[PDB]
Every structure is written in C-alpha cells, then in structure tokens.
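K.L.:
data13.txt is the file, holding compact mmCIF, C-alpha atoms:
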# COMPACT_ATOMS: atom_id res chain seq x y z
CA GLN E 1 42.63 36.07 -2.73
CA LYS E 2 41.09 36.05 -6.20
CA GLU E 3 41.23 32.26 -6.25
CA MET E 4 40.37 32.18 -2.54
CA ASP E 5 37.04 33.83 -3.28
CA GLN E 6 36.51 31.68 -6.37
CA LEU E 7 37.15 28.41 -4.56
CA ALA E 8 34.99 29.43 -1.60
CA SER E 9 32.23 30.38 -4.04
CA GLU E 10 32.38 26.90 -5.58
CA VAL E 11 32.10 25.16 -2.21
CA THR E 12 28.85 27.07 -1.76
CA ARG E 13 27.67 26.11 -5.24
CA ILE E 14 28.05 22.39 -4.54
CA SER E 15 25.92 22.73 -1.41
CA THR E 16 23.09 24.62 -3.08
CA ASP E 17 23.25 22.76 -6.41
CA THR E 18 23.66 19.13 -5.35
CA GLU E 19 20.16 17.78 -5.83
CA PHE E 20 18.83 14.24 -5.90
CA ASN E 21 15.30 14.01 -7.29
CA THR E 22 14.15 17.53 -6.30
CA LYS E 23 15.81 17.53 -2.87
CA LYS E 24 18.74 19.76 -1.97
CA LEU E 25 20.94 17.42 0.04
CA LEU E 26 23.86 19.52 1.27
CA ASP E 27 22.04 22.78 2.05
CA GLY E 28 20.89 21.67 5.50
CA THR E 29 17.28 20.96 4.50
CA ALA E 30 17.70 17.19 4.04
CA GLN E 31 17.05 16.23 7.66
CA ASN E 32 15.13 13.29 9.12
CA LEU E 33 15.20 11.48 5.79
CA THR E 34 13.26 8.30 6.53
CA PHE E 35 13.91 5.26 4.35
CA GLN E 36 11.30 2.53 4.72
CA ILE E 37 13.71 -0.39 4.77
CA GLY E 38 11.14 -3.00 5.71
CA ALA E 39 7.61 -4.08 4.90
CA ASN E 40 5.95 -2.81 8.09
CA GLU E 41 5.62 0.23 10.33
CA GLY E 42 8.67 1.59 12.08
CA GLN E 43 11.07 -0.42 9.92
CA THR E 44 12.78 2.79 8.90
CA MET E 45 16.16 4.48 9.07
CA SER E 46 16.67 8.18 9.59
CA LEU E 47 19.42 10.36 8.16
CA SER E 48 20.44 14.00 8.50
CA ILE E 49 23.04 15.65 6.28
CA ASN E 50 24.33 18.92 7.70
CA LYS E 51 24.78 22.13 5.76
CA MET E 52 28.14 21.86 4.00
CA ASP E 53 28.64 25.25 2.36
CA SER E 54 31.48 27.70 2.87
CA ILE W 1 -37.76 -37.91 -2.07
CA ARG W 2 -39.01 -35.02 -4.18
CA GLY W 3 -37.96 -32.77 -1.30
CA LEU W 4 -34.40 -34.03 -0.93
CA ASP W 5 -33.83 -33.91 -4.68
CA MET W 6 -35.15 -30.34 -4.69
CA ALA W 7 -33.33 -29.41 -1.49
CA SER W 8 -30.25 -30.64 -3.33
CA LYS W 9 -30.89 -27.94 -5.92
CA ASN W 10 -31.17 -25.33 -3.17
CA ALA W 11 -27.89 -26.53 -1.69
CA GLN W 12 -26.28 -26.17 -5.11
CA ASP W 13 -27.91 -22.81 -5.76
CA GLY W 14 -26.30 -21.72 -2.50
CA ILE W 15 -22.95 -23.10 -3.58
CA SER W 16 -23.21 -20.86 -6.65
CA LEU W 17 -24.24 -17.85 -4.57
CA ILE W 18 -21.22 -18.40 -2.34
CA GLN W 19 -18.73 -19.05 -5.14
CA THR W 20 -19.75 -15.70 -6.63
CA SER W 21 -19.02 -13.84 -3.39
CA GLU W 22 -15.62 -15.39 -2.71
CA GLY W 23 -14.82 -15.12 -6.40
CA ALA W 24 -15.37 -11.38 -6.03
CA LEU W 25 -13.29 -11.13 -2.84
CA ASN W 26 -10.57 -12.94 -4.74
CA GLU W 27 -9.95 -9.60 -6.43
CA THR W 28 -10.34 -7.40 -3.41
CA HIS W 29 -7.32 -9.34 -2.23
CA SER W 30 -5.29 -8.43 -5.29
CA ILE W 31 -6.29 -4.82 -5.15
CA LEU W 32 -5.45 -4.67 -1.45
CA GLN W 33 -2.17 -6.41 -2.24
CA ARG W 34 -1.23 -3.84 -4.88
CA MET W 35 -2.56 -1.12 -2.60
CA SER W 36 0.06 -2.19 -0.05
CA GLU W 37 2.98 -1.72 -2.44
CA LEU W 38 1.82 1.86 -2.93
CA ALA W 39 2.49 2.49 0.72
CA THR W 40 5.96 0.99 1.07
CA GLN W 41 6.98 3.07 -1.92
CA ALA W 42 5.22 6.18 -0.61
CA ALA W 43 6.87 5.79 2.80
CA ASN W 44 10.37 6.18 1.37
CA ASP W 45 11.66 9.73 1.72
CA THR W 46 13.36 9.88 -1.65
CA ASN W 47 9.86 10.56 -2.96
CA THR W 48 8.65 14.14 -3.10
CA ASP W 49 5.12 15.36 -2.51
CA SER W 50 4.83 15.70 -6.28
CA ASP W 51 5.37 11.92 -6.39
CA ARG W 52 3.51 10.87 -3.27
CA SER W 53 0.48 12.69 -4.66
CA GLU W 54 1.40 10.94 -7.89
CA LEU W 55 0.99 7.58 -6.17
CA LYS I 1 -26.90 14.45 -8.06
CA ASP I 2 -26.00 11.37 -6.00
CA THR I 3 -22.68 10.83 -7.76
CA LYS I 4 -20.32 8.99 -5.44
CA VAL I 5 -16.56 9.50 -5.45
CA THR I 6 -14.15 7.26 -3.56
CA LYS I 7 -10.91 8.65 -2.17
CA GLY I 8 -8.14 6.34 -1.04
CA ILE I 9 -6.48 6.36 2.35
CA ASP I 10 -3.99 9.17 2.81
CA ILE I 11 -0.47 8.25 1.71
CA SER I 12 0.56 11.52 0.05
CA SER I 13 0.56 13.98 2.95
CA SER I 14 3.82 12.68 4.46
CA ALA I 15 6.04 9.65 4.87
CA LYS I 16 4.61 9.13 8.36
CA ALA I 17 1.09 9.03 6.91
CA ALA I 18 2.11 6.48 4.29
CA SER I 19 3.60 4.26 6.99
CA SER I 20 0.40 4.63 9.01
CA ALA I 21 -1.62 3.44 6.02
CA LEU I 22 0.54 0.31 5.93
CA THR I 23 -1.07 -1.23 9.02
CA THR I 24 -4.52 -0.10 7.88
CA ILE I 25 -4.04 -1.86 4.55
CA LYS I 26 -2.49 -4.99 6.03
CA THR I 27 -5.37 -5.21 8.50
CA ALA I 28 -7.88 -4.92 5.66
CA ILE I 29 -6.22 -7.94 4.06
CA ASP I 30 -6.84 -9.71 7.36
CA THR I 31 -10.56 -8.90 7.49
CA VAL I 32 -10.92 -9.98 3.87
CA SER I 33 -9.20 -13.31 4.50
CA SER I 34 -11.60 -13.78 7.41
CA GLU I 35 -14.59 -13.19 5.15
CA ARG I 36 -13.28 -15.44 2.38
CA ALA I 37 -12.93 -18.47 4.65
CA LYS I 38 -16.19 -17.71 6.42
CA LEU I 39 -17.57 -18.36 2.93
CA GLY I 40 -15.21 -21.20 2.11
CA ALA I 41 -16.29 -22.94 5.29
CA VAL I 42 -19.95 -22.76 4.28
CA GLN I 43 -19.16 -24.01 0.79
CA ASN I 44 -17.26 -27.00 2.19
CA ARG I 45 -20.24 -27.79 4.40
CA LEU I 46 -22.65 -27.49 1.48
CA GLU I 47 -20.53 -29.97 -0.48
CA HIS I 48 -21.01 -32.51 2.31
CA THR I 49 -24.71 -31.67 2.53
CA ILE I 50 -25.10 -32.47 -1.16
CA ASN I 51 -23.52 -35.92 -0.95
CA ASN I 52 -25.68 -36.74 2.06
CA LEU I 53 -28.83 -35.45 0.39
CA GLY I 54 -27.99 -37.43 -2.73
CA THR I 55 -27.33 -40.59 -0.73
Would you put the structure from the file into structure tokens?
P.N.:
Amino acid sequence: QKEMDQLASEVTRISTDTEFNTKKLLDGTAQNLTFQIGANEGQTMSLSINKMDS
Amino acid sequence: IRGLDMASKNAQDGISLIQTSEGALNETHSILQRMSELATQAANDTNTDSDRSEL
Amino acid sequence: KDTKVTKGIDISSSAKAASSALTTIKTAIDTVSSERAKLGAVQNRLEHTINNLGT
C-alpha cells in the first residue's frame, strides 16, 4: 500500500501539473477549447479534455 | 482657349487631390490587413487573457 | 483638455469576441476598397478629361 499511495499520488500530480502555456489541461478546466482553424468566423474546432486524476 | 488650358490645370489639380486621398487609403488597407491577423491569432484558445490583452 | 485616445475593437475579452471582430475587420476592408475605387474611377475620368481638353 505504500507504493499504492505513492503511485496514486503521482497520477494526481500529472493532472494538476501538466500545463501548456498557462493552461492546466488534465485537471478538467480545459473545456470548450476553440481553435480557429480557418480565416473566418465559425471556422473553429472545439475540444474538451476530462479530469484525469486519481 | 485660355479657359480650356486653365481648366486643364484644374483637372490636374484634382488629379493630385485624388491621388493624395487614395495614396492615404493605400495604408489604411495595410493597417486593416495587419489588424486582421491580430484577430485570427487572438481567436485561438491556446492564447491566454494575458496574451489576448497583449495583442 | 481635448486629448483624444483611440481604442481598438475588442479582441482580448474572449475567443468569441476575437472571432466577432474578424467580420468587422474584413467588412472594413470592403468599405475601404469601395472608397478607393470610387476615387480611382474619378481619376480615370479626369485622365480622359485632360486629353480631351488638351485636344
């Protein structure tokens, strides 16, 4: 169980520490990420990464 | 004759007045063109508000 | 007193706002192109008026 709690505490670290730019990706806050792939309005793509912690 | 040769100066003094205006709008086009790149970059959601306000 | 400041269209409040500004900017390019050739049309006419006045 000592390694059980240490592995499960590292899964949580990756979720709260993984950060592109200043955005936490895997903590459930990166939702509705809109990429403007196109030169006009509405030429976007959405994306939602779920919370992936222990 | 002295009217048409003088009215030809007026026509050319209007050509200069018009070249100046469209010469100026030649740059409002470039500014508006650059101003449109700073809205396709600001629309991407990899930017943060610290960087949208930076744009 | 009477100091003017100009503030650009909103692109920093959100990604939706920046996309909204895209049509506003691309329309402004359209109403500048309209003005430029409203002045290029007059200049073309004035070039014909000069040859006819000279003749």
K.L.:
Just want the 12 Å neighbourhood of residue 6 in chain W, counted on all atoms listed in the file, with same-chain residues fewer than 5 positions away dropped. Output as a list in words.
P.N.:
residues 1, 11, 12 and 13 of chain W; 50, 53 and 54 of chain I
K.L.:
Output C-alpha atoms of each residue in that selection to a file, as a PDB file, in the coordinates of the input.
P.N.:
ATOM      1  CA  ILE W   1     -37.760 -37.910  -2.070  1.00  0.00           C
ATOM      2  CA  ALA W  11     -27.890 -26.530  -1.690  1.00  0.00           C
ATOM      3  CA  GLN W  12     -26.280 -26.170  -5.110  1.00  0.00           C
ATOM      4  CA  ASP W  13     -27.910 -22.810  -5.760  1.00  0.00           C
TER       5      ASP W  13
ATOM      6  CA  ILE I  50     -25.100 -32.470  -1.160  1.00  0.00           C
ATOM      7  CA  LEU I  53     -28.830 -35.450   0.390  1.00  0.00           C
ATOM      8  CA  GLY I  54     -27.990 -37.430  -2.730  1.00  0.00           C
TER       9      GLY I  54
END
K.L.:
Residues of chain E that approach chain I to 9 Å or less, counting all atoms listed in the file: could you list each one with the shortest pair of atoms and its distance in Å to one decimal, rows by chain and increasing residue number, as a tab-separated table?
P.N.:
residue	atom	partner	partner_atom	distance
E:34	CA	I:15	CA	7.5
E:36	CA	I:19	CA	8.2
E:39	CA	I:22	CA	8.4
E:40	CA	I:22	CA	6.6
E:41	CA	I:19	CA	5.6
E:42	CA	I:19	CA	7.7
K.L.:
Counting all atoms listed in the file, what are the residues of chain W within 7 Å of chain I, and for each of them which pair of atoms is the nearest and at what distance in Å, to one decimal? Sort the table by chain and rising number, as a Markdown table.
P.N.:
| residue | atom | partner | partner_atom | distance |
| --- | --- | --- | --- | --- |
| W:4 | CA | I:53 | CA | 5.9 |
| W:8 | CA | I:50 | CA | 5.9 |
| W:11 | CA | I:46 | CA | 6.2 |
| W:15 | CA | I:43 | CA | 5.9 |
| W:18 | CA | I:39 | CA | 6.4 |
| W:22 | CA | I:36 | CA | 5.6 |
| W:25 | CA | I:36 | CA | 6.8 |
| W:29 | CA | I:29 | CA | 6.5 |
| W:32 | CA | I:29 | CA | 6.5 |
| W:36 | CA | I:25 | CA | 6.2 |
| W:39 | CA | I:18 | CA | 5.4 |
| W:42 | CA | I:18 | CA | 5.8 |
| W:43 | CA | I:15 | CA | 4.5 |
| W:44 | CA | I:15 | CA | 6.6 |
| W:45 | CA | I:15 | CA | 6.4 |
| W:49 | CA | I:12 | CA | 6.5 |
| W:52 | CA | I:12 | CA | 4.5 |
| W:53 | CA | I:12 | CA | 4.9 |
K.L.:
Given the selection you just returned, output its residues as a file containing C-alpha atoms, formatted as a short mmCIF file (atom, residue, chain, number, x, y, z; two decimals), keeping the file's coordinate frame.
P.N.:
data_model
loop_
_atom_site.label_atom_id
_atom_site.label_comp_id
_atom_site.auth_asym_id
_atom_site.auth_seq_id
_atom_site.Cartn_x
_atom_site.Cartn_y
_atom_site.Cartn_z
CA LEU W 4 -34.40 -34.03 -0.93
CA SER W 8 -30.25 -30.64 -3.33
CA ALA W 11 -27.89 -26.53 -1.69
CA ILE W 15 -22.95 -23.10 -3.58
CA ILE W 18 -21.22 -18.40 -2.34
CA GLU W 22 -15.62 -15.39 -2.71
CA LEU W 25 -13.29 -11.13 -2.84
CA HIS W 29 -7.32 -9.34 -2.23
CA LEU W 32 -5.45 -4.67 -1.45
CA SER W 36 0.06 -2.19 -0.05
CA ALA W 39 2.49 2.49 0.72
CA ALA W 42 5.22 6.18 -0.61
CA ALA W 43 6.87 5.79 2.80
CA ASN W 44 10.37 6.18 1.37
CA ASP W 45 11.66 9.73 1.72
CA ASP W 49 5.12 15.36 -2.51
CA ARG W 52 3.51 10.87 -3.27
CA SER W 53 0.48 12.69 -4.66
#
K.L.:
Show me, as a CSV table (one decimal) with C-alpha atoms, keeping the file's coordinate frame, every residue of chain E with an atom at most 10 Å from chain W, counting all atoms listed in the file.
P.N.:
chain,number,residue,atom,x,y,z
E,20,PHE,CA,18.8,14.2,-5.9
E,21,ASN,CA,15.3,14.0,-7.3
E,22,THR,CA,14.2,17.5,-6.3
E,23,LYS,CA,15.8,17.5,-2.9
E,30,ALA,CA,17.7,17.2,4.0
E,32,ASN,CA,15.1,13.3,9.1
E,33,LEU,CA,15.2,11.5,5.8
E,34,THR,CA,13.3,8.3,6.5
E,35,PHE,CA,13.9,5.3,4.4
E,36,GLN,CA,11.3,2.5,4.7
E,37,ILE,CA,13.7,-0.4,4.8
E,38,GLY,CA,11.1,-3.0,5.7
E,39,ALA,CA,7.6,-4.1,4.9
E,40,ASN,CA,6.0,-2.8,8.1
E,41,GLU,CA,5.6,0.2,10.3
E,44,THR,CA,12.8,2.8,8.9
E,45,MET,CA,16.2,4.5,9.1
E,46,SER,CA,16.7,8.2,9.6
K.L.:
One number please: CA of residue 11 in chain E to CA of residue 29 in chain E, in Å, one decimal.
P.N.:
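Atom-to-atom, CA of residue 11 in chain E to CA of residue 29 in chain E, that is 16.8 Å.
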K.L.:
Between CA of residue 7 in chain E and CA of residue 51 in chain E, what is the distance in Å, rounded to a tenth?
P.N.:
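Distance between the two atoms: 17.3 Å.
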K.L.:
Save range 15-40 of chain W from what I just supplied, as a compact mmCIF listing (two decimals), in the first residue's frame, atoms limited to N, CA and C atoms.
P.N.:
# COMPACT_ATOMS: atom_id res chain seq x y z
N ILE W 15 -6.61 65.79 -60.00
CA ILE W 15 -5.93 64.50 -60.06
C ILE W 15 -4.95 64.38 -58.91
N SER W 16 -4.29 65.47 -58.55
CA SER W 16 -3.38 65.45 -57.41
C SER W 16 -4.14 65.33 -56.10
N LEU W 17 -5.27 66.03 -55.97
CA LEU W 17 -6.06 65.93 -54.76
C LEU W 17 -6.60 64.53 -54.56
N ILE W 18 -6.85 63.81 -55.65
CA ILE W 18 -7.41 62.48 -55.56
C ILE W 18 -6.32 61.43 -55.35
N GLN W 19 -5.15 61.63 -55.96
CA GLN W 19 -4.04 60.73 -55.72
C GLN W 19 -3.61 60.76 -54.26
N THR W 20 -3.70 61.93 -53.63
CA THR W 20 -3.35 62.04 -52.22
C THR W 20 -4.29 61.22 -51.36
N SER W 21 -5.59 61.27 -51.65
CA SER W 21 -6.56 60.54 -50.83
C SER W 21 -6.38 59.04 -50.97
N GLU W 22 -6.33 58.53 -52.21
CA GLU W 22 -6.18 57.10 -52.38
C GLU W 22 -4.78 56.64 -51.98
N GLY W 23 -3.78 57.51 -52.10
CA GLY W 23 -2.48 57.19 -51.55
C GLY W 23 -2.53 56.99 -50.05
N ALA W 24 -3.36 57.78 -49.36
CA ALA W 24 -3.52 57.60 -47.93
C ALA W 24 -4.28 56.33 -47.61
N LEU W 25 -5.41 56.05 -48.32
CA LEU W 25 -6.13 54.81 -48.09
C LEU W 25 -5.34 53.60 -48.50
N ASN W 26 -4.27 53.77 -49.26
CA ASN W 26 -3.39 52.65 -49.53
C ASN W 26 -2.83 52.06 -48.26
N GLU W 27 -2.66 52.88 -47.23
CA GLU W 27 -2.12 52.41 -45.97
C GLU W 27 -3.17 51.98 -44.99
N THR W 28 -4.34 52.60 -45.01
CA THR W 28 -5.44 52.05 -44.24
C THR W 28 -5.75 50.63 -44.66
N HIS W 29 -5.43 50.26 -45.89
CA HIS W 29 -5.57 48.86 -46.26
C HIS W 29 -4.55 47.98 -45.57
N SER W 30 -3.31 48.44 -45.46
CA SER W 30 -2.29 47.61 -44.85
C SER W 30 -2.47 47.51 -43.36
N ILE W 31 -2.92 48.57 -42.76
CA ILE W 31 -3.19 48.51 -41.33
C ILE W 31 -4.37 47.59 -41.06
N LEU W 32 -5.43 47.71 -41.85
CA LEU W 32 -6.57 46.81 -41.70
C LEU W 32 -6.18 45.38 -42.02
N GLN W 33 -5.20 45.18 -42.89
CA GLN W 33 -4.77 43.83 -43.23
C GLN W 33 -4.00 43.21 -42.07
N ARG W 34 -3.08 43.97 -41.48
CA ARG W 34 -2.40 43.51 -40.28
C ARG W 34 -3.37 43.38 -39.11
N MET W 35 -4.33 44.28 -39.03
CA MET W 35 -5.31 44.24 -37.95
C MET W 35 -6.17 43.00 -38.02
N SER W 36 -6.21 42.33 -39.17
CA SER W 36 -6.97 41.10 -39.31
C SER W 36 -6.19 39.86 -38.92
N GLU W 37 -4.86 39.91 -38.99
CA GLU W 37 -4.06 38.83 -38.43
C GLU W 37 -4.13 38.83 -36.91
N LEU W 38 -4.17 40.00 -36.29
CA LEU W 38 -4.39 40.03 -34.85
C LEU W 38 -5.86 39.92 -34.51
N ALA W 39 -6.56 39.03 -35.19
CA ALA W 39 -7.84 38.51 -34.74
C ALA W 39 -8.00 37.04 -35.06
N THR W 40 -7.21 36.51 -35.99
CA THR W 40 -7.13 35.07 -36.18
C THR W 40 -6.17 34.45 -35.19
